[PDB]
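here are the coordinates; sequence isn't available:
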RNA sequence: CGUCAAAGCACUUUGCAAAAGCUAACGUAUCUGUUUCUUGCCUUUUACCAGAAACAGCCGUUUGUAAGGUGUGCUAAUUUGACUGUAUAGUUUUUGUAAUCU
Ligand SMILES: [Mg+2]
């Protein structure tokens, strides 16, 4: 991460660990290899929260751009 | 080669689907890109250097199947599959040592 990390979430159905930070990018860490595999890009500013949907394969992030 | 069965057959165009299960060339051939690391050259970025891991793309290949095209046929041609496939009265089976009664 380039800047402060502001949100983590360990998926209970995948061996993943999603993280977000004030550096505007959301990362998907593969916990089987401890390496970043996915990048989620659209965010105009820092990201302050990260949550994972309990059932679907979808995640929600909300940040300073007044948009979730 | 033979008998039986069903399928028109040979070449070809396109669509659809699939392609390691028991460690192994779908391709005896061989490119590119992204991410995360470690490097090289480095004044800063692109373009770069060369090794790894995880992913993708492109050039191709094979098979199945569906609908067509061309040339020849259905007054036959070819293909695919299956088959416990052959003679023979002269001792080892199928051209009778049978009848007779008990
Ligand atoms: Mg500048």
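Noted; the coordinates are in hand. Numbers count the residues shown, from 1 in each chain, chains lettered A, B, ... in the order given.

contacts, neighbours, all on C-alpha from now
Noted.

which residues does residue A:21 bridge with?
Here residue A:21 sits in beta bridges with residue A:5, as judged by DSSP bridges.

sorry, that was for residue A:26
On the basis of DSSP bridges, residue A:26 is bridged to residue A:20, residue A:40.

Now for it: which residues touch it?
Contacts of residue A:26 were listed using C-alpha atoms under 8 Å, 6 or more residues apart in numbering, and they are A:18, A:19, A:20, A:39, A:40, A:41.

what bridges to the residue nearest to residue A:16 when sequence neighbours are not counted?
Ranked by C-alpha to C-alpha, 6 or more residues apart in numbering and with sequence neighbours excluded, the top spatial neighbour of residue A:16 is residue A:30, at 4.9 Å. Here residue A:30 sits in beta bridges with residue A:16, residue A:35, going by DSSP bridges.

that older thread, so which of the contacts of residue A:26 is the closest to RNA strand B?
residue A:39 (7.1 Å; C-alpha to the nearest atom of the strand).

mind checking how far residue A:9 is from residue A:49?
Applying C-alpha to C-alpha, to the nearest Å, one obtains 10 Å for the distance of residue A:9 from residue A:49.

Which residues of chain A lie near RNA strand B?
Chain A has residues A:35, A:36, A:37, A:38 near RNA strand B, with proximity defined as C-alpha under 7 Å from any atom of the strand.

can we see that at 6 Å?
By C-alpha under 6 Å from any atom of the strand, the residues of chain A that approach RNA strand B are A:35, A:36, A:37.

what about burial for those, which qualify?
Burial by neighbour count, 16 or more other C-alpha atoms under 10 Å: within the residues of chain A next to RNA strand B this picks out no residue.

and of the residues you listed, the nearest to residue A:13?
The shortest distance between residue A:13 and any of the residues of chain A next to RNA strand B, using C-alpha to C-alpha, involves residue A:37 and amounts to 16.8 Å.

mind listing what the closest one touches?
By C-alpha under 8 Å, 6+ apart, residue A:37 lies in contact with A:27, A:28, A:29, A:30.

For it, what is the enclosing helix or strand?
strand A:35-40 (DSSP states H and E).

before we move on, what about residue A:42?
No secondary structure element spans residue A:42, as it lies outside all helices and strands (assigned by DSSP H and E).
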